[PDB]
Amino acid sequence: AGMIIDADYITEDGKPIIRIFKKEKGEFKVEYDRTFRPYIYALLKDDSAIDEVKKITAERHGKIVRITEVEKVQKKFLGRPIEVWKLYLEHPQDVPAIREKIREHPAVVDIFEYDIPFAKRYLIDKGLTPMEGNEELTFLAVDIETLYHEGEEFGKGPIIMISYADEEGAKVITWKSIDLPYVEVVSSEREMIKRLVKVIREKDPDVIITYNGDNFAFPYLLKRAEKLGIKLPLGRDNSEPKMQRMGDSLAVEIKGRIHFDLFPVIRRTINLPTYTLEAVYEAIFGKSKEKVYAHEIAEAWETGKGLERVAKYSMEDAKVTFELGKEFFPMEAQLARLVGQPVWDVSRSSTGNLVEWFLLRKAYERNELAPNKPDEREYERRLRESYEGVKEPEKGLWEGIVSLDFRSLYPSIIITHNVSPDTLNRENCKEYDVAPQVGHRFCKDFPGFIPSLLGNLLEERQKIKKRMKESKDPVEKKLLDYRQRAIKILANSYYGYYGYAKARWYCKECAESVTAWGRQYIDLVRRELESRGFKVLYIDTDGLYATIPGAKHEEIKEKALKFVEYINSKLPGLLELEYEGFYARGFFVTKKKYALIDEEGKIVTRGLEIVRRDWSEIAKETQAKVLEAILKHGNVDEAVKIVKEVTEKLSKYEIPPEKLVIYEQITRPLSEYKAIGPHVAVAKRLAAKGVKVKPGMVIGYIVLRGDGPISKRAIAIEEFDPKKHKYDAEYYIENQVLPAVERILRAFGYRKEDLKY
């Protein structure tokens, strides 16, 4: 009867057991299923071949792996009936061990659905959807503070504070005496970590909210717990938090709970040049949050002075993490429900994967064999594919800019023109739609797999919107608002998904055709805007920016709002143009490279700011000054003078060496590097002096004056002697400051050579 919050599998006597984690009227419940079997499909040249194929074996865990059962099944592949063999295996881990040995067989045409994780395969095949119902979950935010010194190995310093927050308040656990009402003083780091364990086990939250807990709080807690020889039984089955390598980074799971890391969530939802907790909190709640930096924390801890400030910082970190979690969780819960996969997985995935997860479930429901993910070569061939058929933007600084969004136009185009990989250039097709300019043909004889699903999504959203108008219950209304927004997000991701290189249902011709049909409406919007005195400053497939040159801002807003209302009255069906926002000033460099400033003075950029540790402060500071001179002062001449002054100061050795430090992490043992960059050259010298260089250590260096590649001229920041060493002014000018500002100033007709005296 309960709400499914997660699913996984355990192995018992070498056999897999599925676990379904549920919340039923406030109670945690686990259901176990020992009956679900792993499988793959094999398309054979002939039915006689099954006798050779069913006899294929592999090895795993010292035992030989066999196909347990085979079953001839009738399915659909690319809108055509197909006969494949369902090959059953005992354990999920048998699938990577045997799949290549089945694929290699001369009688095997191809294999299918050989990389779907067991718990995700279970939820699809059994028709189970997470987050259904009105079941109320409990939340706890968790955060930590540590003792850090520049360039230390990860986990060297102790955890000095652990903070948590829920509706009962925000609290701090520390092992140094601080006299504040929300601070619990314990005897040691060990006792503080054990107190966190107790809080989590006693509060028993369904959701543990963190800010970058995947890649900091939890790996750090695990490192220090290992060090101190203590366990972290945070799982509802008493298991420890589990670190999963998700790409080049990490993801942490806590069994029986939802580890909700806000960092990947917020990074997708909103646009910010830097997603610090303080920048994120202000963007959403319109309130400032003070940042207490690592060096200030270390100084207060070691000296024992100003610890009240550090404890307040730790408390506020947990407090706002709780507040942000409550804000961002409902939408992730509805997306999980819509796509039919747990929030843990859905909150950490791109919209492209959300679409694919939705499609894999619908393919099962429709008996449609899923196409395979591409191999490296295909993935690479897809990235190099050229699309025919979005001009260069207007130069200079523009005032009073309206932003219009086109994204809600594309699902309707996909549906009306039956744009799908299964309908593309079909043989013996009776009726078809021809894409303008690109000429791709889409069969009209049957609804395509993707248009069919999109149509149902848009219909469901219209029902939800109608139920919302007719509802008196504000609780149902709030919930229905989240559900209709989840459909809008998923439906507006299909256009992009067609061109997503990793997509199973990738279709270059589909994406191209949606673009070509879409363009007819964009050209109509542009002509209608220009007939109304508007100048289009920037236009791409997602939207445009426009202004009425020299008009009053309120007149621009009114005319734009009146235009959107008008055009939508002209557009058929669910084709919708949206007024996104207004900006006091802005400039446009190229496709998805631009900067704006709103009426409250907040700078908004896309594809231009360089806030990262592997760029020197002098380059990042100059870039901020250039954007401020342009957007806040409306003065490109001031911006050019700033660059010219900084470059001359660098030439005359007038810039502090501290603004010239470059930081780069060591990501593997030093011997595993194939290319030795400056930070590796610096690292190798440190290791030679006896420094324990380890992956995760961040190397700070300065590029000195001299001959050859910068690798041979980089010096460790701790070894830099201003009275002896001379930094490379030409490197900091040509490779740091000038690349940071040259893109920006190209929009104003400046080349890299005009930004020096």
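One-based numbering along the sequence shown.
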Q: Could you tell me whether residue 543 lacks coordinates in at least a third of the other compared entries whose models cover its neighbours on both sides?
A: no
**Q.** Other entries omitting residue 581, at least a third
**A.** no
**Q.** Sequence continuity check, residue 389 and residue 390 (deposited residues unmodelled)
**A.** 1 to 3
Q) Going by the B-factors listed in the PDB entry, is the mean over the C-alpha atoms higher for 409 to 417 or for 559 to 567? A) 559 to 567
Q | 728 to 736 versus 699 to 707 - which carries the larger mean C-alpha B factor in the record | A | 699 to 707
Q) When you compare the CA B-factors of 111, 250, 662, 324 as listed in the entry, which one comes out on top? A) 250
Q. Considering only 28, 39, 36, 32, which residue's Cα atom bears the greatest B-factor as recorded?
A. 36
Q: Grab the CA temperature factor for residue 545 from the record and place it in the lowest, middle or highest third of its chain.
A: middle
(Q) How does the C-alpha B factor of residue 367 compare with the rest of the chain: lowest, middle or highest third? (A) lowest
Q) Within this chain, which third does the Cα B-factor at residue 43 fall in: lowest, middle or highest? A) lowest
Q.
Looking at the temperature factor on the CA atom of residue 447, which third of the chain's modelled residues does it land in?
A. lowest
Q | Assigned third (lowest, middle, highest) for the C-alpha B factor of residue 315 | A | middle
